[PDB]
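Student: Pasting an experimental structure, sequence included:
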Amino acid sequence: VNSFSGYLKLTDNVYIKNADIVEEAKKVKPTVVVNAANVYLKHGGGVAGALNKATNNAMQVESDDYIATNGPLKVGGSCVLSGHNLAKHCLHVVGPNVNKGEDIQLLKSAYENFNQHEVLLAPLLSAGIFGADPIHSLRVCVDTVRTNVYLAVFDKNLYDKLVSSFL
Ligand SMILES: CC[C@H](CNC(=O)CCC1CCCCC1)Nc1ncnc2[nH]ncc12
């Protein structure tokens with residue numbers, strides 16, 4: 001038993017809710033919140049900009065130190081950093097950005113990072129400003145992640161569509 005409320009169960013291990021991930025994180029305080037990161041951990045907009053704003057820019061300060069030490073992430077890769085006031089940990093995961101021409105096949109690799117964590121609160125990778133089809137992203141999620149994932153979908157209209165079209 002865990003503290004997530006109001007989710008619709010899609011599969012054995014995947015759940016979905018129309019929610020603002022920042023507010024969900026603020027209430028649940030999950031062990032892991034997933035950020036929709038880029039390779040530079042520049043949290044300017046989308047999910048990342050919202051999460052970072054909610055940390056009063058502490059996420060960005062920590063991220064800049066990480067990059068200065070380690071260099072950029074790989075597309076499809078991840079790193080674990082602090083969750084600040086939102087979660088114990090933040091798993092920064094880089095899905096491909098279609099608006100940058102990156103290979104959508106890397107979306108499966110991106111979701112594989114979730115399997116290193118028993119339970120996660122997450123957005124749909126490569127959705128939103130990353131330019132992928134959120135329905136495809138949901139399919140890859142369901143077919144790749146084996147751990148327990150609670151997906152927060154900000155847009156109510158999108159949410160209805162994802163549910164109604166789910167196979
Ligand atoms: C990481 C990508 C996801 C995609 N899913 C969305 O719902 C985005 C809203 C529209 C989706 C349909 C039209 C474009 C925007 N983006 C977020 N997912 C959860 N929470 C969030 N907060 N801010 C962004 C965001």
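Tutor: Received the coordinates, thanks. Numbers count the residues shown, from 1 in each chain.
Student: what residues does the longest helix that the chain contains touch?
Tutor: Ranked by residue count and defined by DSSP state H, the top helix of the chain is helix 58-70. Here helix 58-70 makes contact (C-beta atoms under 8 Å, 6 or more residues apart in numbering) with 35, 40-43, 51-52, 79, 81-82, 84, 90, 92. Bear in mind the C-beta positions are built from the backbone N, C-alpha and C, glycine included.
Student: Could I get the buried residue list for it?
Tutor: 59-60, 62-63, 66 (16 or more other C-beta atoms under 10 Å).
Student: helices or strands up against the helix or strand following that helix?
Tutor: Following helix 58-70 in sequence order, the next helix or strand is strand 78-82 (DSSP states H and E). With contacts taken as 3 or more C-beta pairs under 8 Å, 6 or more residues apart in numbering; DSSP states H and E, strand 78-82 sits against helix 58-70, strand 89-93.
Student: can you give me how far the shortest one is from the chain middle?
Tutor: Read it as strand 89-93. 8 Å (C-alpha atoms, centre = their mean, to the nearest Å).
Student: Output it in CSV with nothing but the alpha carbons.
Tutor: The C-alpha coordinates for strand 89-93 follow below in CSV (Å, rounded to 0.1, in the frame of the first residue of the first chain):
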residue,chain,number,x,y,z
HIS,A,89,15.0,11.9,-5.1
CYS,A,90,14.6,13.4,-8.5
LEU,A,91,15.3,11.0,-11.4
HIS,A,92,16.3,13.3,-14.3
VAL,A,93,15.5,11.3,-17.5
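Student: sorry, back to before: and the longest helix of the chain, how far from the chain's centre?
Tutor: On the basis of C-alpha atoms, centre = their mean, helix 58-70 sits 18 Å off its chain's mean C-alpha point.
Student: how about the residues of this protein near the ligand?
Tutor: The chain comes close to the ligand at residues 21, 36, 46-47, 50, 123-124, 127-128, 130, 134, 152-155, 158, as judged by C-beta under 6 Å from any ligand atom.
Student: 8 Å - rerun?
Tutor: Within the chain, the positions adjacent to the ligand are 19-22, 36, 46-47, 49-50, 95, 123-130, 134, 137, 152-155, 157-159 by C-beta under 8 Å from any ligand atom.
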